[PDB]
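> any chance you could fold what I've pasted below:
(11 chains, ligands or ions: 4)
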Amino acid sequence: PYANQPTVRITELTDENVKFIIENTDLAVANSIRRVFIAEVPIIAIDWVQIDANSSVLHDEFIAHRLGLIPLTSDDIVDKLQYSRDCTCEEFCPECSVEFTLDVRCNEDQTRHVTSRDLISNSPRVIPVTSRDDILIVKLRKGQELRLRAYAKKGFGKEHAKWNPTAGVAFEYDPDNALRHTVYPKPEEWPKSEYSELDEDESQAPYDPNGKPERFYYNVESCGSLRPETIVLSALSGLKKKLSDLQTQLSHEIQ
Amino acid sequence: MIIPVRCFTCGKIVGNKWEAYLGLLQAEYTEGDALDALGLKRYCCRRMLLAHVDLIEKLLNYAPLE
Amino acid sequence: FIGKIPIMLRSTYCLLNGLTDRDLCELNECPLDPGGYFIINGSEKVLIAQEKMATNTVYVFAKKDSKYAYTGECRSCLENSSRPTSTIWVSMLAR
Amino acid sequence: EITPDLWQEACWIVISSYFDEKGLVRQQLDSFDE
Amino acid sequence: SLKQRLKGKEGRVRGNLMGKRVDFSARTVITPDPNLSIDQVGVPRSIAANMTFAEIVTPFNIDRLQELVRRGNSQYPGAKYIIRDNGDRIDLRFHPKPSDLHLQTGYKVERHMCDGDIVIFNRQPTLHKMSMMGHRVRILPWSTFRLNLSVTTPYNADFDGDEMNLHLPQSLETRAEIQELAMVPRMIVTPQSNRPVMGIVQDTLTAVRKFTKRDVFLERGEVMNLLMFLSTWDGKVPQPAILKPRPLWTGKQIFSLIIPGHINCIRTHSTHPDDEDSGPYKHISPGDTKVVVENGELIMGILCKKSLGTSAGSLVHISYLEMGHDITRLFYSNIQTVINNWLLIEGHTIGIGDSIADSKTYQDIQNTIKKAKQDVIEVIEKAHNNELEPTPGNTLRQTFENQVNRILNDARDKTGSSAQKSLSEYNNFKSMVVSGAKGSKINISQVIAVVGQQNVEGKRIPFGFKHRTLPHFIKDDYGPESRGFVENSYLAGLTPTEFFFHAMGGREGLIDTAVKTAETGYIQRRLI
Amino acid sequence: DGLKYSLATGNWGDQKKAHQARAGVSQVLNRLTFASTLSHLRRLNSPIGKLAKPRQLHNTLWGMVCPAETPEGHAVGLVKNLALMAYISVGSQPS
Amino acid sequence: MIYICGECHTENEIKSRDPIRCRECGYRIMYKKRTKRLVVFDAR
Amino acid sequence: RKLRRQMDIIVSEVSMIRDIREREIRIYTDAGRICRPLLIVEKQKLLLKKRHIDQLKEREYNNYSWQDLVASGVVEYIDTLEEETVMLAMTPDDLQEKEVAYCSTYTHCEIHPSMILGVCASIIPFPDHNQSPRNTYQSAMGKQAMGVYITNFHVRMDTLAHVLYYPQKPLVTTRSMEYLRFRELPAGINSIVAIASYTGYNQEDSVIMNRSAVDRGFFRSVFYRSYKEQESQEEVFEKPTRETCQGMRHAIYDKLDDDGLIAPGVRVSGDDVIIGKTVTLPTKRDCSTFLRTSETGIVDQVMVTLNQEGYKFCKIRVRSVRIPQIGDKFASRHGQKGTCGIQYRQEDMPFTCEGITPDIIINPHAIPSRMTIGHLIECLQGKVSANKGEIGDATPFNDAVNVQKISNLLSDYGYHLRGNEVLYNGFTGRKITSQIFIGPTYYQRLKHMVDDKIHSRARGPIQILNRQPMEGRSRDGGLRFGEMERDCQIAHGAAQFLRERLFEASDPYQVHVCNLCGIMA
Amino acid sequence: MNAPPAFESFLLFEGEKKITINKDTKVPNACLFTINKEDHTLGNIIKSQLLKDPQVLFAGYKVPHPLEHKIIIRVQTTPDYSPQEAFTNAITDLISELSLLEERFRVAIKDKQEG
DNA sequence: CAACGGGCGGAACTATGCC
RNA sequence: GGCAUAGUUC
Ligand SMILES: [Mg+2]
Ligand SMILES: [Zn+2]
Ligand SMILES: [Zn+2]
Ligand SMILES: [Zn+2]
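Residues are numbered from 1 along each chain as shown, chains lettered A, B, ... in the order given. Ligands and ions are numbered 1, 2, ... in the order given. Sharing the structure here:
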């Protein structure tokens, strides 16, 4: 009637990728962590645009939508910030948002590429990930002009998918089909998984009636906003705070 | 119209790869080799570059109002 | 001067006939526009090809329960001059 | 000088030349011109 | 003229007295929603806030109605008007003075439509009385008319751009009329053919067969979930069938909990042979056919279209006739929810692997086709040598055509039988055909083996050109290919002549569909 | 005014006699998609008013008229579209 | 009120009760200039 | 025939027919005959040669073209009633060759048999694996898809216009789309479609859409509408004032400028005033134009000019971005149409081993009865093409493209040959027992949305002659309660509901009558 | 037009309570917990943890409608044990497991980089 | 036997020309 | 405001 004793092993760790193996954990817990990677990890992204001049070939909502999807490095200040709905300011203060400014005009005979290199922020720690190519925003002819002011709030991927900090979360358990959770009409047509521990002749592991899914394999790839280790840690802390607040509310209700 | 910033299916950023992709193609690369070189690993990301039609080049031909 | 005749777009007597794509873009006209329509009071009109029975040929048909057994008509026209058609029938009474 | 089993490109070269010469709305233009 | 004013449709009598435009009506797109009950309809918040119902003030509700008036026309659970006893109207869409907001018994408040309101839902054309039934309103976020899926059959409605009409009765008298007369659960069994007019539709129906196979053993947690989705559940988990070495339930053991009351029924699965009922194993049924329900428990058998469908004497029909509309409604809802949430575990699909046959089957099909073409050639040779003898009552052309068509039909049917009997136990075409969800053995045959002969006006493809079908054939060619017998299946593809002949064949179906409708409507109007 | 009116309304004839004038020529160009524009510019019409014969797909439409593209409803088989390589003669004189 | 000419792209003042003509190019199609009022776009 | 082939005396347009049995020669110079080009076969060998092919493939900087091919006597124009005296061959290198002799006197040959299809039916991939009604339905629905309809849409004031954000050219395309320019102005997006029954919201031709994909710009579009008004008493463009004009409404006039026109970039909600115009009543009457109810668009462009006569003229355009909701209509290139049923986020959609959630989920019951196997083959070919890097060829009659070849090609990239893939459940994380068929198919967003179709009424405007509710969603009209509906209510027996629908809900009235003569008094 | 704002799926509004406790009168020692603004991310963990308890006889959860954000959990336990105690113990055990997992992942990161 | 007259689906949504 | 015509959905 007690908790488990999970263990981890990090197979590969780079600047955009973490591969690890969780063991001695329940499938529900593993999948809940997998879901929290995608949805409930706070990220800084642009959420308020005011276009002073737009003589380009894309309309204002098009440009604003493109601006929203440029990822900003929120490695360290995403914890410090507050939600704009949770702040004492009127609309925006430095404690709950980061302000951006873009002002580009083309006066040459060559098409100019307005990229994320041109977004300028007041805080030096929240900058587009392509500022230590570039994310193209719009192209300008001669005489066309763009100028705007934007504000970067804080949020997570349940609200909008621009706050989703990951690129592809590969989740897989039981690479050899020893638990028969999926049934193959022909087992020999199916390619073996990357983590399979079988020979070149045997296709499926023999059935294991007294087994449960353990040893989940992950691969969390980051979209550049957070680094792929803080995505995992923020998910374990982020899920842990959801359970704690549930326990607080239950204790009030019982009493 | 213009290449999207993110891949629709998974969210990997493909909005900074169109110029590099065109340059690789101009440098005598096959499309498969160019996509492999740019790091587009899964077909959801690969189709974003394979099937893109860049109309903003055509839209830039017409003179602006001002 | 006896009147004004509408002109079909991209035809030999339009202002866009023979122009290159750069000139078309200068005139704010799409180089991909196929043409072949009229501009009447702003709106764009398209004539629809209308099928008709071939003229100057003898066709022999039959009618279900009419007086005649077999009929034959020759819808006759003269080189698109005038007198549009004159369908002469040479029938044959039933038995 | 036959074109054997290389036909799947020859036929489409011919068709491309056709559509480069004429187009798709040639009927309307030719009828109005005449 | 006045006679023209009164003459026909759009004319006064028949266009403004026998049928006229009404108030309190809405029309928008319908989309599926398997989480609703049989007699519920999902309504967007905009339509509800736009349509109103007049409620008379009494001491039982004066506080609630006063709060609604305080909310006003802006907030959705509000009201739009206050109608005095004298009849004079008070507006609430703008800001009124505090004096008019006073409410006393005998007043009327025109509140916005809320949950539980009774409405009449219709899809045009209205053919039988199961096209206008009463539903209970539930308010849902987005802007389409959500409605359940078993109610698709009464309306003949699929969810591809369709629309339906909403009518809101305005008086307690008519509301009670619709509640006691035209509610959806009360129209389950039609008086046209004394059969249930609605049944399980194709997705719970393609999955209840798989659920009710013998192999389905359910773990403890899966049983917990499925029971969590049961609305008519006592609260006691039944003893598992397999008790050692691991507790396992069974799909029948849970469909028994779904089945209401003490219903006794005996049906037969759609793949039940003609020897089980005769030889031994009559009551043992090796293939698990011969559905038996005793005391409301599914003892044996596999459930399909012939048990849960819209046919006479089916399980749903027995449930209605024995228990009533109020229990048959729960029967439908529970079947749908439990089977859908189990299907989230098993899954379903359809693909090329399900539409591809085996090499031996391909050899059989090609052999049969070659034999049929040879036989047609032989018949043509005998006819040319004048050795063919006419059949009494038929012309020489008629007997030749009859022999040719008979040979080709035999070929098509034999290839179809080979394709059917060469399927597998995991094939999804077989899954959707055996359970009766959607498709047929002829469709499987056309996908795998042979599309078959194309006919125009009941005869073979005619001679459009001078004595030949197309410019690619010689004159006077009566072979199977010349007159349009497609030897290929849809998976292999059609050669250009077969493509054109198939288009000629499908044009007739499109024409008949576009033609029959007006005549059918006119016949029904004359009868009425 | 005569040419402008006939092209604007579609009633092919004089304004005073728009009763027997055949309506349905000179439609307003479809601009929803480029394919819509092209298939509108290459379109035929059979002036037949319910008989199946003029609505069926005759054998002689091979390579001249699309076997598939047709509207559904009250004009199934009466509105047709040219095949891809089909051409329509412009006319000459047999001198 | 300032309207931008559709041919020479030159803005010129035109008031009410005034033929819509363009100086120095003689065109007849004029476009209104973009407003100075500020409008806020979510970046969704 | 020799003279027509040389193009010396008889133009290539003229047709010549010999009726051998009836001894008649018919020559037509008429206008209106319909004809198509055909290759010429002299003995058994095409007159088209490799020299012609090379001179054609060097077409640039060589002034050798189709006219120079026709003038060489290689191809020919054949009208319909000259086709009755000709022997055609569908494919040269297959029908001219030595066989068991069917015909050894071929007189012509087909260029390619796939040129029998029109403009809208040349975009269907693998049409020979489909069903003819499905091909017809796709031919119908190809004129309703939303993409960029013309490149100069920014200077066109068209009454209604719809343009997609990010169109894509198909990954599986027909060879004859290069002539239709579908590569340059496409209409649709390649979507990762999984054919599965997930939660029951795609039953009966419905579609489950990924909401996270939609948040990234998937199938998003714009809607442009144009309004016009001219000042034909004395109508004048001017800003009305509440306490000086006779006619007035409950709308806002504070958006307008001095001359009565909204400047571009001004957000206008439903039931606002765009153009303010006033009639001097012989003291001023308001005839302002109002936004069509519930648009919530932004003014895009305002054009001021003079009409034919000389009155001032104005056209104003309004744009509104349309994000795909749960009522919008989508369709593939195989006659499979459906409406969005519900939208799930990325965390809820089922995923593969590699984190590839489908963009669209469609029901497996749509396939067996409709027999659109071109859909499955297009999905498989797209899954091969997106990995290989090429763009698949789906021209109708090929003989060099088989399902077996496609499957073998797909097996070389690590996937199951027949296209299936093991998916995991989204909510619970457990493997789904049945493997799902998933791959990139080319989908279209049809013109039919739900925001342009939702309509309701409760005591609105009323007609003048009959005093019944108006007709038309734009006029807040009611829904007709026809004779079939009243017959259904008669069959029900709901007499009071029927009387309410036909009398009280519609026009009620009262009159007086004399008890002696039945005449209104 | 009828589009709910995105934040309504996780933000409690004025008046809404996070969790409400109701008893089940069909079977003794049964209780239903209704949680507002939650989904499978919490329902699945709580159910799977309740099933580990040997004194829990029933433990399930369901989402009554995907368009309305609300979670219902039903747990029945053996006598001399209450479902509220089972629920609280489940949450405590989940928190302990997550804390241990985070500690071990952090030490694994430390070992992997610079080690 | 011939001539004359009335009869021929149901809903719904856009657009354009004209009085 | 009304009359007419055209297209489209089911
Ligand atoms: Mg339908
Ligand atoms: Zn703040
Ligand atoms: Zn991707
Ligand atoms: Zn100018």
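
> going forward, measure contacts between C-alpha atoms and count neighbours the same way
OK.

> how about the strands in chain I?
For chain I, the strands defined by DSSP state E occupy I:19-23, I:30-36, I:56-62, I:70-77.

> just want the angle from the last one to strand I:30-36.
Between strand I:70-77 and strand I:30-36, the angle formed by their directions is 160 degrees, by axes from the mean of the first three to the mean of the last three CA atoms, to 10 degrees.

> and strand I:70-77, which strands flank it?
If you go by DSSP bridges, strand I:70-77 pairs up with strand I:30-36 (antiparallel), strand I:56-62 (antiparallel).

> with mean neighbour count and distance to ligand 4 as extra columns, can I get those in JSON lines?
Shown next, in JSON lines, are these (neighbours: other CA atoms under 10 Å in any protein chain shown; distance: least, CA to the ion, whole Å):
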{"stretch": "strand I:30-36", "mean neighbour count": "20", "distance to ligand 4": "63"}
{"stretch": "strand I:56-62", "mean neighbour count": "22", "distance to ligand 4": "68"}
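
> export these to TSV and tack on distance to residue A:18?
Formatted as TSV, the strands paired with strand I:70-77 follow (distance: least, CA to CA, whole Å):
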stretch	distance to residue A:18
strand I:30-36	34
strand I:56-62	33
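
> which residue ranges of the chain form strands?
Chain wasn't specified; assuming chain A. With DSSP E as the definition, chain A shows strands at residue ranges A:7-14, A:17-23, A:43-54, A:98-105, A:112-115, A:120-121, A:136-140, A:145-155, A:166-172, A:217-222.

> actually, chain F is the one I wanted.
For chain F, the strands defined by DSSP E cover F:27-28, F:87-88.

> close to chain D, is the first one?
No. For a cut-off given as CA under 8 Å from any CA of the partner chain, strand F:27-28 has no contacts with chain D; the smallest distance is 14.3 Å.

> please tell me how far the residue of chain C found nearest ligand 4 sits from residue B:62.
In chain C, the residue found nearest to ligand 4 is residue C:27; the distance is 15.0 Å by CA to the ion. As judged by CA to CA, to the nearest Å, residue C:27 and residue B:62 stand 9 Å apart.

> looking only at neighbour counts, state which of the two leads.
Neighbours were counted for residue C:27 and for residue B:62 using other CA atoms under 10 Å in any protein chain shown; residue B:62 has more, 21 against 13.

> so which of the strands of chain F is nearest ligand 2?
strand F:27-28 (55.6 Å).

> next, find the distance separating the closest residue to residue A:205 other than its chain neighbours from residue A:190.
The shortest distance from residue A:205 to any non-neighbouring residue, by CA to CA, 6 or more residues apart in numbering or on different chains, is to residue A:178 (5.0 Å). To residue A:190, residue A:178 is 15 Å away according to CA to CA.

> same question, residue H:304
Going from residue H:304 to residue A:190 by CA to CA gives 67 Å.

> so what's the residue of chain C closest to ligand 4 up against?
By CA atoms under 8 Å, 6 or more residues apart in numbering or on different chains, the contact set of residue C:27 is empty.

> also residue H:206?
So residue H:206 contacts E:31, E:32, E:159, E:160, H:338, H:339, H:340, H:341, H:362, H:363 (CA under 8 Å, 6+ apart).

> rewinding a little: around the residue nearest to residue A:205, how many other residues sit close by?
Other residues lying near residue A:178 total 17 when counted by other CA under 10 Å.

> same deal with the one 5 residues further on?
A total of 17 residues lie near residue A:183 under the criterion other CA under 10 Å.

> count of residues packed around the nearest residue to it once chain neighbours are set aside?
Leaving aside its sequence neighbours, residue A:183 sits nearest to residue H:433 (CA to CA, 6+ apart; 5.7 Å). The number of residues packed near residue H:433 is 21, by other CA under 10 Å.

> could you double-check that residue H:433 sits in contact with residue A:179?
No. Judged on CA atoms under 8 Å, residue H:433 makes no contact with residue A:179 at a distance of 11.3 Å.

> now the residue nearest to residue E:342 when sequence neighbours are not counted: phi and psi?
Using CA to CA, 6+ apart and skipping the chain neighbours, the partner closest in space to residue E:342 is residue E:226 (7.0 Å). Per-residue torsions, residue E:226: phi -60, psi -40 (degrees, to the nearest 10).

> show me the contacts for residue E:226.
E:338, E:341, E:342.

> narrow these to those in helices?
Within these, residues falling in helices by DSSP state H are E:338, E:341, E:342.

> OK, contacts around residue 38?
Just so you know, I chose chain A. When contacts are counted by CA under 8 Å, 6+ apart, residue A:38 touches A:157, A:164, A:165, A:166, A:169, H:346, H:347.

> that answer is for a different chain, and I need it for chain H
By CA under 8 Å, 6+ apart, residue H:38 lies in contact with H:75, H:76, H:77, H:78, H:108, H:109, H:110, H:111.

> list just the nearest of those to residue A:80.
residue H:111 (70.7 Å; CA to CA).

> and the closest one, how many neighbours?
21.

> which ones are touching residue H:113?
Contact analysis of residue H:113 by CA under 8 Å, 6+ apart lists E:496, H:90, H:397.

> go with 7 Å
E:496, H:90 (CA atoms under 7 Å, 6 or more residues apart in numbering or on different chains).

> swap in the one 3 residues further on?
Residue H:116 sits next to F:62, F:63, F:66, F:83, F:84 when contact means CA under 7 Å, 6+ apart.

> and chain A, what are its domains?
Annotated domains of chain A cover A:1-42+A:162-255, A:43-161 [CATH domains of a matching chain].

> any chance of these in a markdown table, plus distance to ligand 4?
A markdown table is the format used below for these (distance: least, CA to the ion, whole Å):
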| stretch | distance to ligand 4 |
| --- | --- |
| domain A:1-42+A:162-255 | 44 |
| domain A:43-161 | 17 |
